[PDB]
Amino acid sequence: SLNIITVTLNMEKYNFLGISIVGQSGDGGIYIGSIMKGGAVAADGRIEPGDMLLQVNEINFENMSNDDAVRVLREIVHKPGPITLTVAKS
């Protein structure tokens, strides 16, 4: 059942992850609701809608509000450098 992958995106060629996130959390969780064309995530191809977002760049997402998750993602994406996401596959 459990299928967890860690992927690193070098954000050299992209300005945004190109994801929407829904829900919050050992009940519930933060999920990829949608993936947008021209984003780093779509280009990489490994992360899909329905994947649960666990960790971004050693910041844990498992017990975090959706509001705070959006803030953190905006903060991370706006600064230069590779982004490492750990997700649980659907």
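Numbering starts at 1 and runs along the sequence shown.
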Note whether residue 45 lacks coordinates in a third or more of the other compared entries that model its flanking residues. no
Taking the other compared entries of this protein, do a third or more of them lack coordinates for residue 62? no
Would you mind checking whether any residues of the deposited sequence sit unmodelled between residue 25 and residue 26, and how many (none, 1 to 3, 4 to 9, 10 or more)? 1 to 3
Take the C-alpha B-factors listed in the entry for 49 to 57 and for 35 to 43, compute each mean, and give the stretch with the larger one. 35 to 43
Higher avg CA temperature factor (68 to 76 vs 10 to 18, as deposited) belongs to 10 to 18
Is the Cα B-factor recorded for residue 83 in the lowest, middle or highest third of its chain? middle
